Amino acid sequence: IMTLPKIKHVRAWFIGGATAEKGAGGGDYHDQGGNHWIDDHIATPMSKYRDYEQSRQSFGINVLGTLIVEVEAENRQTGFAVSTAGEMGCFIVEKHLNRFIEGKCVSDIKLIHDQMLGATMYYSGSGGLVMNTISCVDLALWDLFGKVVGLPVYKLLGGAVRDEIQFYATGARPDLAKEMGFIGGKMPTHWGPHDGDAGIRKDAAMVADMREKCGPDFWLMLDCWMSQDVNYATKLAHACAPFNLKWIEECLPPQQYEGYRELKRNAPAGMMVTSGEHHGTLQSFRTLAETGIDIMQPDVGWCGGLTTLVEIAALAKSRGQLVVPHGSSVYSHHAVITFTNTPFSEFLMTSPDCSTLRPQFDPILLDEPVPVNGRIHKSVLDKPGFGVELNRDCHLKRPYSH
């Protein structure tokens, strides 16, 4: 029998965010610099305001920054993970959650997870900031466990059900993505309800243009980042039907379950409606799944962690729905390669102009895998835990201790 060490320490750091260096990248996808496609007039719940229409950074989409959680075993072996939470995330880990982590066996992952959810239920809001923090701890624990055992997380889960992961790319250049080998391209909408018919015409024209440039089989999708209402989303969906838009994503704020049910009913035949990247907790996904949307897209570092993601996958599978996680790099790779119902995955372009394969969490992860010709072979993931190391060269800050 294999002997397992206990967890000795848990520590949290952060980079980027309102109290560090702006544009640090890493865990917080939106903590970028200037002239980045990911901040180029993207439609949001705030773009109806003139002062917040051109830039998401202007309303503060980058204030949190990156949270880094590292768990150390008694034998000095360590595991870690990153997510979006920054300094406040550090407070939660160092001043609250540490009590459930330290002293546990490295294999007590599900126990620690349940205790974190139970202990923070009174202030977690079942999603967002607090759940991002819990997710980061969960991932760090899986990483440590796999590194202690000497196995990649995907093998601990029951092995891969496919030899490689195929990706679609999210960014402003589906055409460049096709050249890179991706199977599809998801573009962000730039106009919203306040833009009316003109907004619909413009975003639909954007899709029409890429359809002409990419061909019929390369998938095209629209990401709406919680910026619409049912009527606008319905009009946009129908305006894009002629171009065989594969799916229209997150048209509504997360609490609007009833609206998603209506939107899905109104959707053009064969066109999928998706959401989920901002939802958290298994129970929320149960409610989301029952709205009838085609694909739920939890972010492994935001939905509650790998422990929760695996449950969401089972939920979707029981209903014949697909689960295609939001970004997440290796944290998603090790999970989805084992999911029969995750036939493809997402790669969110961190490259300012979507012309290069800059790593998903650049530069916080050392040796971070990137799709080559739109794919990541399972052999690439054949390393202990999630297979990466923390880039200690980054200016990590430790705001709290215990």
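Throughout, we count residues from 1 along the sequence that is shown.
Two stretches are in play, 106-114 and 316-324, and the higher mean C-alpha B-factor belongs to 316-324. The stretch with the higher mean CA B factor, choosing between 201-209 and 229-237, is 201-209.
The deposited CA B-factor of residue 332 belongs to the middle third of values across its chain.
When all modelled residues of the chain are sorted by CA temperature factor, residue 66 is found within the middle third. Remark: residue 350 belongs to the highest third of its chain, ranked by C-alpha B-factor as recorded. For residue 132, the recorded CA temperature factor ranks within the lowest third of the chain's modelled residues.
When the CA B factors of the chain's modelled residues are split into thirds, the value for residue 246 lands in the middle one.
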